[PDB]
Structure formats: structure tokens, C-alpha cells
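Start counting the first sequence at 96; every next residue gets the next number (the entry's author numbering). First up is the structure itself, then whatever we jot down about it.
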Amino acid sequence: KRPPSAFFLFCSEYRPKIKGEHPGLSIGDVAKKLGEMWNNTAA
DNA sequence: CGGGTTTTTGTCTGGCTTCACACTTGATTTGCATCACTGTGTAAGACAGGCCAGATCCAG
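Following this line, the structure appears as C-alpha cells:
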């Protein structure tokens, strides 16, 4: 159901970067980082 | 006016679930306001007025 898109793959691939490089915070900071990274780069 | 005898329950007690709860952003899906119109209103009766007809009256 609900076939994902390029952004969902971006999330599922680049969230573990911040989840393993800085595990001291919850994935709220990881989402915030991934979002400020996507907004600064292209698609 | 209040003594017996079961119901009706929140806990004490601490330790096992299954759901609850921060963030995105780009869609995707619902929810709701807006606009020019609609149908149901739906057959007879009362009254004045012109018109001849025939009754009402006049005079040789």
C-alpha cells in the first residue's frame, strides 16, 4: 500500500547515518538533520 | 433508629505485555463553502352594461 517515492528512500537510507554517527539523541534530531540536509540539496 | 452477612471494589504488591509518543515534507485524501437555478403554488363565480322584445301607454 502507498508506494513510496524518492524522498522516502532518501529517508530510509540517510537516517541511519545520523542514527549511528550520533546515537546520543533520539531520532527527532535525526529527522531534523535529514530535513535540513534535504532542504539544502537537490532531489 | 442501627447489628450480621454476603456483594462490589479500589488498592496493596512489584513484574510481564501492546500500544503511545518526538519529528519531517510531499503528497494524498476528505470536508466544506459557493453558484445559478428548480418545484409546489393551476376553474368558476359575481356584476355591470348594451340590446332588442314585448309589454305599457297615447291619441285619432
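Beta carbons: idealized from backbone N, C-alpha and C, even for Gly.
TODO: Answer with buried or exposed for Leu129, where buried requires no fewer than 16 other C-beta atoms within 10 angstroms of its C-beta.
DONE: buried
Task: Straight-line Cα distance separating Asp124 from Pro118 - done: 10 Å
- [ ] Assign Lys96 to one of three DSSP states: helix, strand, or coil.
- [x] Here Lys96 sits in coil by DSSP.
Task: The alpha helix (DSSP H) enclosing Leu129, as first and last residue numbers - done: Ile122 to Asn135
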